[PDB]
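In what follows, a structure is listed as structure tokens, so that the remarks can point back to it.
Laid out in structure tokens, this is it:
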């Protein structure tokens, strides 16, 4: 990847199971006679991570963006390998089984998917504002689901009905057609720039998405595409 | 001869409040609902919910 970066071309580098890289380092150190550190891990854990992750950076001539996959042993995030991996992370994406099984193909959970770029001084005031209005109605994970479950929605929830409708609309709208799955699901893929995303979600939270039922925000690129589908 | 008692089942018109100027009765139900019926019915249901859901999680 660094060859092409030196050529000036932006590169997307995927590392599958960087935790396995940590484990390989641990085994190499154990076989090399080095004393173990923490839970049997190599003493040179931080430096070994630095010598690899620091090459993934954006210089002036080019950039190497990385999208790694991390496997945590059991569910222990206190483990030294996930901790050292996370010390070199800028964003996390948490694909969820429930979202995947609800026919929404991009299973990126709106919650549990953070980023350090999501602040006004880089993305912009509007982007941060729209990203905060969304994920706020979902901040509860629609905790209203339990009250519906044990109350039959109580036959009336006032505003909660509107916030539930908006949250469901946004959850459906997060899906996007895949240009690589176009030959599988028979649907052209739409590429949505960040400006289109922020404008569409700003309008949806303002309320232009209202008066439109579900299954119309299921699988579309822009809010303009949703409007075109609605009028047709 | 000395005291009069009216065990009336219900009272309606009352020059004290009547329909116009009536205040006590106004929001009186909420005064005996938000902390009694309305909201509180859900308020105690939320206690049942969040407690029940964590009851299996501790098992």
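Chains as they are written, first to last, in the deposited numbering: chain D, 237 to 468; chain R, 71 to 129.
The C-beta atom is built at its ideal place from N, Cα and C for all residues, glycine as well.
| Asked | Found |
| --- | --- |
| Residue 239/D versus residue 245/D - alpha carbon distance | 9 Å |
| is_contact[residue 126/R, chain D] using C-beta, thresh 8 Å | no |
| Opposing strand residues paired with residue 300/D [DSSP bridges] | 247/D |
| Sequence ranges, alpha helix (DSSP H) only - wholly within the stretch 269-322 of chain D, length at least 4 | 281-289 and 316-322 |
| Contact set between residue 84/R and chain D, taken where Cβ atoms lie within less than 8 Å | Correct list: empty, because the minimum Cβ distance to chain D is about 32 Å. |
| is_contact[residue 311/D, chain R] using C-beta, thresh 8 Å | no |
| Backbone CA spacing between residue 303/D and residue 252/D [nearest angstrom] | 9 Å |
| Span of the alpha helix (DSSP H), counted from its first residue to its last, around residue 253/D | Careful: residue 253/D lies outside any alpha helix (DSSP H) and carries neither H nor E. |
| Any alpha helix (DSSP H) of 4 or more consecutive residues that is wholly inside the stretch 410-451 of chain D | 418-421 and 430-442 |
| Continuous alpha helix (DSSP H) stretch holding residue 383/D: start and end | 380-387 |
| Burial state of residue 385/D (16 or more Cβ within 10 Å) | exposed |
| Neighbour list for residue 471/D in chain R, Cβ cutoff strictly below 8 Å | Any question about residue 471/D goes unanswered here, given that chain D covers just 237 to 468. |
| Buried versus exposed call for residue 419/D [16 or more other C-beta atoms within 10 Å across all chains shown] | exposed |
| Selected residue, minimal CA-CA separation from residue 333/D, among 267/D, 341/D and 260/D | 341/D |
| Nearest to residue 370/D (by Cα), restricted to the options 431/D, 380/D, 407/D and 313/D | 407/D |
| Min CB distance residue 457/D to chain A below 8 Å | No chain A appears in this structure, whose protein chains are D and R. |
| Residue range of the unbroken alpha helix (DSSP H) whose run includes residue 240/D | 238-242 |
| C-beta neighbour in chain R for residue 396/D, strict 8 Å | no |
| Three-state class that DSSP yields for residue 344/D in the structure shown | strand |
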